[PDB]
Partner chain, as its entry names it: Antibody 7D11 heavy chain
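Just one chain is shown here, as structure tokens, and it is the form solved without its partner chain.
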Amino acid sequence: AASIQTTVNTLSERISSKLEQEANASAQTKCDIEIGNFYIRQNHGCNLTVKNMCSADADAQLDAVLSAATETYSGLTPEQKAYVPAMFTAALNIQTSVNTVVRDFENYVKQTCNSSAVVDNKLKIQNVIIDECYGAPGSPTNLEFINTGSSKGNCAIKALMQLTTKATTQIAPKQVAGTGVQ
């Protein structure tokens, strides 16, 4: 919703600025890996875009993305933070509480994005496919996938995108074929 959009915009700004100020990246820099298709299977109100902000050092990218996510989470109010654990279990199968979100996300990234079934991906074109996303027709959710140019960096970006899209579906009105549900 509107809280989510504001937070995602902040996250997006922080990741971009972090990559540009701490990972020597730029919108004009040539990317090693390009994003092929970026879509949501059950897309109910989400508008997607891809922003290239590539650089040469994948480890710096990962540190920039993680730092950006940490800062953004920490800046949320307790009420907003309370919605994050549900995002983690449904999107990444991580069971956490508000006080351990940061530590648990850092461990997930380090175990998942620093894992050769990732960095070994010689594919110069990655497709990003998410199962569901929600947005009101009059105020669709705007989601931007920031392409870091590396498989390692994008692994972190994708994890964040999975959490973000899950957040929208979790606050979406509950219904099946227009009839109120559980």
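In this text, the rigid core denotes the largest set of C-alpha atoms whose superposition between the two forms falls within 1.5 Å. Residue numbers count along the first chain shown, from 1. Only residues modelled in both forms are compared.
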property: Stretch exceeding the other in mean C-alpha B-factor - 53-61, 114-122; result: 114-122
property: Comparing 67-75 with 96-104, the one whose average Cα B-factor in the PDB entry is higher; result: 67-75
property: Member of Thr168, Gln21, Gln162, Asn9 with the greatest C-alpha B factor (per the PDB record); result: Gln21
property: Ranked C-alpha temperature factor of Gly45 among modelled chain residues, by third; result: lowest
property: Third of the chain, ranked by Cα B-factor, where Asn147 sits; result: lowest
property: Modelled-residue ranking by C-alpha temperature factor, third containing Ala27; result: highest
property: Ranked C-alpha temperature factor of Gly138 among modelled chain residues, by third; result: middle
property: Third of the chain's Cα B-factor distribution that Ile157 belongs to, per the entry; result: lowest
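There is another form of the same protein, the form solved in complex with its partner chain; it is not shown, and what comes next is about it.
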{"property": "Non-hydrogen atom within 4.5 angstroms of its partner chain in the bound PDB entry for each of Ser55, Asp59 and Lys124", "result": "yes"}
{"property": "Exercise: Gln28 in contact with its partner chain in the bound PDB entry, heavy atom 4.5 Å", "result": "yes"}
{"property": "4.5 Å heavy atom contact, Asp63 to its partner chain in the bound PDB entry", "result": "no"}
{"property": "4.5 Å heavy atom contact, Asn24 to its partner chain in the bound PDB entry", "result": "yes"}
{"property": "Any non-hydrogen atom of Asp32 within 4.5 angstroms of its partner chain in the bound PDB entry", "result": "yes"}
{"property": "In the bound PDB entry, segment of 41-49, 136-144, 116-124, 66-74 with a heavy atom within 4.5 Å of its partner chain", "result": "116-124"}
{"property": "Taking the rigid core as reference, consecutive runs of 3 or more residues that move 2 angstroms or more in Cα between the shown form and the other one", "result": "170-172"}
